[PDB]
2 protein chains.
Amino acid sequence: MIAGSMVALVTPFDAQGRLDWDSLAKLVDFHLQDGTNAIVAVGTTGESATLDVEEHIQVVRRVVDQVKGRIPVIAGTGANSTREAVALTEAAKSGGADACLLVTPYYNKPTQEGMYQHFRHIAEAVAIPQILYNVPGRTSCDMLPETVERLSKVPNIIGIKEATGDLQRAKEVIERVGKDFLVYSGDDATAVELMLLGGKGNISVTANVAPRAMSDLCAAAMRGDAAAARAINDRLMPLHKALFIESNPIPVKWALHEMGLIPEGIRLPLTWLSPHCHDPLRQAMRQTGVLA
Amino acid sequence: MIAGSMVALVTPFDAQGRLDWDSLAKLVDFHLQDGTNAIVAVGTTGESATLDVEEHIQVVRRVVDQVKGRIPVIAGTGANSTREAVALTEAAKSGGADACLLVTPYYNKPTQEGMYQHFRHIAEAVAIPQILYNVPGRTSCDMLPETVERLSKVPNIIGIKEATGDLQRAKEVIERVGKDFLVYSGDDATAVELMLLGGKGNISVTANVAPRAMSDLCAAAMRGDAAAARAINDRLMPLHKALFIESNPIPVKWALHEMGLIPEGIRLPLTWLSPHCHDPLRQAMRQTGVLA
């Protein structure tokens, strides 16, 4: 049941930076009410980097217990150490997640072969669906198509999150893999086109603030209605952009706080949306009707 | 104490991937023997990404206890999470390291201000010398010259390991900082030019296999003997190149095992030097006199 608009959920912290379960619950009800298809908990937008292993499973567990099978809950469990990816992945599983999102090793720059062995091992170590995650703009390494196809043959690897924002690349992963290997967008601005070429969804930041509009956009795209897709899309386009004027999730939390859904909390090394960027993001929210 | 030829020491693993203390000992004796200026334990080349915290202190502690205070011992303690960086930094201090090496946040892409707050916190939080590390080609982010000058004014942030290999950049940092803030090289091939420009050292990978040559190179370079430095350097040049035929530390470990100094053990997601790179690196080692 994993596809369409999948919010890359933020982890709300109170002013002190401590986890805030009340806000966590409203964001889930928010997405349970407005049509979100899946919730990705504790991934990049959820500030995976600055969470104890302890806070990490507890966020997975409360989203899973709150969702009650009504929607898939995918947990971020990638790490740049294969052993740790196994452990975090094992933790998500016996935690309730329906699948795990695993970013490619970042800082150590593995060879293409090392990336295959890395993911094949996790896939073989833990009985739980696993989605790959390619984002060279952060990891400083790129999983090439040939490596994806190799991985696409592995039993538990159900799909990939392509974030380069490159359509030529996406098309290329789609031509090389089976119909049963799902390709997701990791780029909010061009997700619509990825879906028209065969993609099966969007793991988005934009869905944080416009869930309903993003599931409408995905359904259209994934149903062939290229005209509705690009129309919702160009209407959302300034939010897409504004949501990135500073590294994510610095902006999305600002918005989320402005709609009264989360406290002003973020953990170092992240900062709060710096003052000079407030009004552009504010303008984009008003035009887009997410803020009045 | 801290400058000159500073080997970015590898952490030896046996064939099953367990720490090898005897082999760590020889590497320490080797460097104490062949004149290495300082030892950086558990940094990037020491495969920090794949070491429990248990192993992290076990290694720092063992190098320190063997060094017996004759040479400085810098431990890697950076993390993309400010709290984890303090943690690792504290373990290092209360472990005997003389200084700590801290790479910038690698996947969350913090603002320049965020990088300042982050490093400022670590420096106030733990009474121990701290060196910044900037290597955008891994971290997907770049600390700007203005952020280095600001951090250079913090009490115990003693220097920076600039790895871009961009000399315009090195000059700028040198020109901006006080002369009690030291700039070290993070790019073996251009370290000579960095020191000739005002730099104070090379946290070297090539030093793993040629401690003596790199020590002499650094001495000339840091004296002002440009002609001697560059001569040692174009001589070493094919080793510099070969040692990166695949993401470091993959090549350097191969070299070290061919030399009889460490086992054939590397941790996933890394792989052992792929078959097609063996002879080019063997050739470079023989050309430089490291292997007969």
# chains A, B, ... in the order shown; residues from 1 in each chain; ligands from 1
$ residues_around --residues "residue A:32" --least-positions-apart "3" --cutoff "9 Å" --atoms "only C-alpha atoms" --output "ChimeraX atom specification"
/A:27-29,35-37,67,70-71
$ write_last_selection --atoms "C-alpha atoms" --output "PDB file, in the first residue's frame"
ATOM      1  CA  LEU A  27       0.756  16.433  12.559  1.00  0.00           C
ATOM      2  CA  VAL A  28      -0.277  12.795  12.287  1.00  0.00           C
ATOM      3  CA  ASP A  29      -4.023  13.579  12.665  1.00  0.00           C
ATOM      4  CA  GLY A  35      -5.338  12.553   2.702  1.00  0.00           C
ATOM      5  CA  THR A  36      -1.617  11.764   3.043  1.00  0.00           C
ATOM      6  CA  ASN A  37      -0.906   8.224   1.757  1.00  0.00           C
ATOM      7  CA  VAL A  67      -1.759   5.440  12.749  1.00  0.00           C
ATOM      8  CA  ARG A  70      -4.657   3.041   8.429  1.00  0.00           C
ATOM      9  CA  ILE A  71      -1.623   4.224   6.487  1.00  0.00           C
TER      10      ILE A  71
END
$ interface_residues --of "chain A" --to "chain B" --cutoff "6 Å" --atoms "only C-alpha atoms" --output "ChimeraX atom specification"
/A:49-50,81-82,107,110,114,118,138,140,268-271
$ closest_atom_pairs --of "stretch 35-148 of chain B" --to "stretch 7-15 of chain B" --cutoff "6 Å" --atoms "only C-alpha atoms" --output "CSV"
residue,atom,partner,partner_atom,distance
B:39,CA,B:7,CA,5.3
B:40,CA,B:8,CA,5.0
B:41,CA,B:9,CA,5.6
B:45,CA,B:10,CA,5.3
B:46,CA,B:10,CA,4.0
$ write_last_selection --atoms "C-alpha atoms" --output "mmCIF file, in the first residue's frame"
data_model
loop_
_atom_site.group_PDB
_atom_site.id
_atom_site.type_symbol
_atom_site.label_atom_id
_atom_site.label_comp_id
_atom_site.auth_asym_id
_atom_site.auth_seq_id
_atom_site.Cartn_x
_atom_site.Cartn_y
_atom_site.Cartn_z
ATOM 1 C CA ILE B 39 49.277 11.154 14.954
ATOM 2 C CA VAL B 40 45.595 11.673 14.062
ATOM 3 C CA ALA B 41 43.753 8.618 15.422
ATOM 4 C CA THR B 45 41.226 7.556 7.142
ATOM 5 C CA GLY B 46 40.890 5.629 10.390
#
$ residues_around --residues "residue B:216" --least-positions-apart "2" --cutoff "9 Å" --atoms "only C-alpha atoms" --output "PDB file with N, CA and C atoms, in the first residue's frame"
ATOM      1  N   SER B   5      54.334  17.035   9.854  1.00  0.00           N
ATOM      2  CA  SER B   5      53.757  15.847   9.229  1.00  0.00           C
ATOM      3  C   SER B   5      52.897  15.098  10.234  1.00  0.00           C
ATOM      4  N   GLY B  35      60.034   9.331  12.272  1.00  0.00           N
ATOM      5  CA  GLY B  35      59.896  10.776  12.437  1.00  0.00           C
ATOM      6  C   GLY B  35      58.603  11.539  12.160  1.00  0.00           C
ATOM      7  N   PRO B 211      56.269   7.950   6.000  1.00  0.00           N
ATOM      8  CA  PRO B 211      56.390   8.932   7.082  1.00  0.00           C
ATOM      9  C   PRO B 211      57.628   9.807   6.935  1.00  0.00           C
ATOM     10  N   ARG B 212      58.782   9.168   6.818  1.00  0.00           N
ATOM     11  CA  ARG B 212      60.019   9.909   6.690  1.00  0.00           C
ATOM     12  C   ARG B 212      60.030  10.942   5.558  1.00  0.00           C
ATOM     13  N   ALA B 213      59.593  10.568   4.355  1.00  0.00           N
ATOM     14  CA  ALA B 213      59.621  11.533   3.252  1.00  0.00           C
ATOM     15  C   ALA B 213      58.695  12.726   3.497  1.00  0.00           C
ATOM     16  N   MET B 214      57.524  12.454   4.059  1.00  0.00           N
ATOM     17  CA  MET B 214      56.562  13.499   4.331  1.00  0.00           C
ATOM     18  C   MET B 214      57.021  14.416   5.461  1.00  0.00           C
ATOM     19  N   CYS B 218      57.588  18.355   4.839  1.00  0.00           N
ATOM     20  CA  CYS B 218      56.974  19.378   5.664  1.00  0.00           C
ATOM     21  C   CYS B 218      57.977  20.325   6.291  1.00  0.00           C
ATOM     22  N   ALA B 219      59.133  19.791   6.659  1.00  0.00           N
ATOM     23  CA  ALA B 219      60.174  20.599   7.301  1.00  0.00           C
ATOM     24  C   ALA B 219      60.689  21.646   6.312  1.00  0.00           C
ATOM     25  N   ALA B 220      61.092  21.195   5.129  1.00  0.00           N
ATOM     26  CA  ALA B 220      61.541  22.098   4.092  1.00  0.00           C
ATOM     27  C   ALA B 220      60.455  23.159   3.847  1.00  0.00           C
ATOM     28  N   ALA B 221      59.253  22.699   3.509  1.00  0.00           N
ATOM     29  CA  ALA B 221      58.113  23.568   3.214  1.00  0.00           C
ATOM     30  C   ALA B 221      57.858  24.625   4.270  1.00  0.00           C
ATOM     31  N   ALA B 229      61.134  21.464  -0.993  1.00  0.00           N
ATOM     32  CA  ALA B 229      59.798  20.949  -0.728  1.00  0.00           C
ATOM     33  C   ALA B 229      59.134  20.407  -1.976  1.00  0.00           C
ATOM     34  N   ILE B 232      60.769  17.205  -3.278  1.00  0.00           N
ATOM     35  CA  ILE B 232      60.351  16.010  -2.560  1.00  0.00           C
ATOM     36  C   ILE B 232      58.949  15.683  -3.051  1.00  0.00           C
TER      37      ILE B 232
END
$ select_by_dssp --residues "stretch 56-257 of chain A" --states "strand (DSSP E)" --output "list in words"
residues 73, 74, 75, 76, 99, 100, 101, 102, 103, 130, 131, 132, 133, 134, 157, 158, 159, 160, 161, 162, 182, 183, 184, 185, 201, 202, 203 and 204 of chain A
$ closest_residue --among "A:188, A:180, A:65, A:142" --to "residue A:244" --atoms "only C-alpha atoms"
A:188
$ residues_around --residues "residue A:192" --least-positions-apart "4" --cutoff "12 Å" --atoms "only C-alpha atoms" --output "PyMOL selection string"
chain A and resi 4-5+165+167+184-188+196-204+214-234+236-237
$ atom_distance --atom1 "atom CA of residue A:154" --atom2 "atom CA of residue A:92"
19.8 Å
$ select_by_dssp --residues "stretch 39-167 of chain B" --states "helix (DSSP H, G or I)" --output "VMD selection string"
chain B and resid 48 to 50 53 to 67 82 to 93 112 to 125 136 to 139 145 to 151 167
